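Accompanying notes for the structure given below.
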Amino acid sequence: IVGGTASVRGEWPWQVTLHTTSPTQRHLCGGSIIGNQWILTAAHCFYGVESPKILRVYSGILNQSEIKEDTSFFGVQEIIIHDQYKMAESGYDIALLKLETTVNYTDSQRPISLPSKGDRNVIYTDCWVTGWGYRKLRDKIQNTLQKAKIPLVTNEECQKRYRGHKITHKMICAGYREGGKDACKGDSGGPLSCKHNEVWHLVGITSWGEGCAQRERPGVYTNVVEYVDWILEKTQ
Ligand SMILES: Cc1ncsc1-c1cnn([C@H](CC2CC2)c2ccc(-c3c(-n4cnnn4)ccc(Cl)c3F)c[n+]2[O-])c1
């Protein structure tokens, strides 16, 4: 997260860190708890992932340094990638992880609600992107989970900034016109969380952008409301 600030323990309890263990263990992507055995993340995260065997899902983590050889994690039973996914920039950048056991919800690990389709005409004004990613383009994975408040952008404005890409209704864009706050490398797969009537909704999945926090280049997110039928179909 560029231009963000450190989070505190329990602040984003649906946020997980997905680690790969090949050839070494490291943070790979963010993700969101949406059910007791279900993580929603980005399909791009699994480029070069040989199988679910090498994945570990850690929940309730504030600092990456909390994760030691005895830290408990969830195994991944299945990776479900959208059938139309080809590359992040052309959409369908969404994946479900089915965990090998159920998350017991606690103050540190909690689900986030999906958007309502009856809530597709709501204007979200209180949206946040979170993650352990770079604070600038040539940086390092951060120890402490970072947060930034970022405004949503109309798809018409977003298409004007990305004339070489097809910005569709299945994407949502977010960023300041002058830049300065955005997701960056290592944040993808994590949530764009928006609060409405004091309830949090998983509105976007961090996906792609041209650089990080650049002027007039918003971040592009998978528009989760457009995938609710697909999610319910896979999780039922
Ligand atoms: C894990 C790790 N560890 C060290 S490096 C790195 C890394 C490099 N790439 N990644 C991921 C894609 C790879 C997982 C498959 C990525 C790509 C793009 C954006 C992004 C960007 N960025 C553009 N240029 N950099 N970021 C801007 C706006 C938004 Cl919304 C974004 F989602 C954010 N992540 O995480 C992680």
Side-chain angles (χ1 to χ4, degrees), residues 1-4 15-32 39-50 54-58 61 64 67 76 79 81-82 85-95 97 127-143 145-153 155 157-158 161-162 164-165 167-168 170-177 179-194 202-224:
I1 308 287
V2 183
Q15 172 89 55
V16 300
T17 169
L18 171 67
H19 283 209
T20 178
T21 59
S22 197
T24 202
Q25 184 173 346
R26 61 187 180 87
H27 167 89
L28 173 60
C29 273
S32 299
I39 307 297
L40 197 64
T41 188
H44 187 195
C45 295
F46 305 97
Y47 180 76
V49 167
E50 320 84 86
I54 67 165
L55 300 181
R56 297 181 176 188
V57 173
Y58 291 93
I61 299 303
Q64 291 282 332
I67 296 166
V76 176
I79 307 159
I81 286 170
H82 198 288
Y85 176 73
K86 302 187 295 183
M87 70 184 312
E89 289 84 357
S90 58
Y92 307 104
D93 193 8
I94 185 164
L97 307 180
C127 299
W128 293 76
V129 63
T130 48
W132 290 271
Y134 284 14
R135 298 190 111 276
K136 42 223 281 173
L137 243 189
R138 194 188 165 131
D139 208 43
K140 65 291 181 204
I141 293 297
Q142 294 312 114
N143 194 36
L145 182 66
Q146 304 281 299
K147 60 177 183 169
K149 185 171 178 178
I150 295 191
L152 300 187
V153 168
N155 275 40
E157 180 168 354
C158 195
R161 307 313 193 188
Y162 289 116
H165 302 277
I167 303 301
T168 72
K170 295 175 112 53
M171 301 158 171
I172 183 151
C173 305
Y176 298 87
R177 268 177 179 174
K181 291 183 189 265
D182 198 23
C184 201
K185 299 181 163 186
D187 295 318
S188 67
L192 179 64
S193 313
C194 304
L202 181 56
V203 165
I205 304 163
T206 302
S207 188
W208 64 277
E210 174 190 317
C212 296
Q214 286 195 127
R215 153 169 292 276
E216 296 186 337
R217 293 289 183 273
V220 187
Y221 299 77
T222 302
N223 190 11
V224 173

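The first residue in the sequence is number 1, and the count goes up from there. Below, each value reflects all heavy atoms present in this structure, side chains not excepted, and no hydrogens, waters or symmetry copies. Whatever order the structure lists ligands and atoms in, that order sets their numbers, starting from 1.
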Ignoring hydrogens and geometry, is there a side-chain-to-backbone donor-acceptor pair from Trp132 to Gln146 under 3.5 Å? no

Could you identify the single nearest non-hydrogen protein atom to atom 30 (Cl) of ligand 1 and state the distance to 0.1 Å? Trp208 O, 3.4 Å

Does this structure show an ion pair linking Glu210 with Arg161, if we count only N-O contacts that are shorter than 4.0 Å? no

Over 12 non-hydrogen atoms of neighbours within 6.0 angstrom of CZ in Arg215: yes

Is the count of non-hydrogen atoms from other residues, nucleotides or ligands lying under 6.0 Å from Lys140 atom NZ greater than 12? yes

Around atom 5 (S) of ligand 1, find the nearest protein heavy atom and jot down its residue, atom name and distance. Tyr134 OH, 3.4 Å

Please list the nearest protein heavy atom to atom 33 (C) of ligand 1 with its residue and the distance rounded to 0.1 Å. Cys184 O, 3.2 Å

Check ligand 1 against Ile141 and write out every atom of the ligand that is under 4.0 Å from a heavy-atom position of the residue. 3 (N)

Would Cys212 count as a contact residue for ligand 1, given that I'm defining contact as a non-hydrogen atom of the residue lying under 4.0 Å from a ligand atom? yes

Out of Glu89, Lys136, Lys185, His19, who gets a non-hydrogen atom closest to atom 25 (N) of ligand 1? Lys185

Which of the numbered atoms in ligand 1 are below 4.0 angstrom from a heavy atom of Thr206? 30 (Cl), 32 (F)

Measure from the side-chain N and O atoms of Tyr92 to the backbone N and O of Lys170, and report whether any donor-acceptor pair falls under 3.5 Å. no

Ignoring hydrogens, what is the shortest heavy-atom contact between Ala213 and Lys181? Give both atom names and the distance. CB-N, 3.8 Å

Within a distance under 4.0 Å of any heavy atom of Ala183, pick out the atoms of ligand 1 and give their elements. 27 (C), 28 (C), 29 (C), 30 (Cl)

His44 ring center near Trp208 ring center (under 6.0 Å): no

Contact summary for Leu137 and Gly211, nearest pair of heavy atoms: CD1-CA, 4.0 Å

Nearest protein heavy atom to atom 17 (C) of ligand 1, by residue and atom, and its distance? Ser207 O, 4.3 Å

Considering both backbone and side-chain atoms of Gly186, is one of its nitrogen or oxygen atoms within less than 3.5 Å of a nitrogen or oxygen in ligand 1? yes

Give the atom numbers and elements of ligand 1 that come within less than 4.0 Å of a heavy atom of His27. 1 (C)

Run the numbers for me: atoms of ligand 1, each under 4.0 Å from some heavy atom of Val220, listed by number. 30 (Cl)

Quick one: are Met171 and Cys158 in side-chain contact, heavy atoms under 4.5 Å? no

Contact check, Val129 vs ligand 1, heavy-atom distance below 4.0 Å: no

Short N/O distance, under 3.5 Å, between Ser188 and ligand 1? yes

At the 4.0 Å heavy-atom cut-off, does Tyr47 count as touching ligand 1? no

Of all protein heavy atoms, the one nearest atom 15 (C) of ligand 1 is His44 O, 3.6 Å

How close does the nearest protein non-hydrogen atom get to atom 1 (C) of ligand 1, and which residue and atom is it? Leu28 O, 3.3 Å

Are any non-hydrogen side-chain atoms of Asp93 and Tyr85 less than 4.5 angstrom apart? yes

Give a yes or no answer on whether the side chain of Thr130 reaches the backbone of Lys147 with a donor-acceptor pair at less than 3.5 Å. no

Could you tell me whether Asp187 and ligand 1 have an N or O pair separated by under 3.5 Å? yes

Contact check, side chains of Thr17 and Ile67, non-hydrogen atoms, under 4.5 Å: yes

Look at atom 27 (C) of ligand 1 and say which protein heavy atom is nearest, naming residue and atom and giving the distance to 0.1 Å. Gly211 O, 3.2 Å

Per-atom filter on ligand 1: closer than 4.0 angstrom to a heavy atom of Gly219 are 30 (Cl)

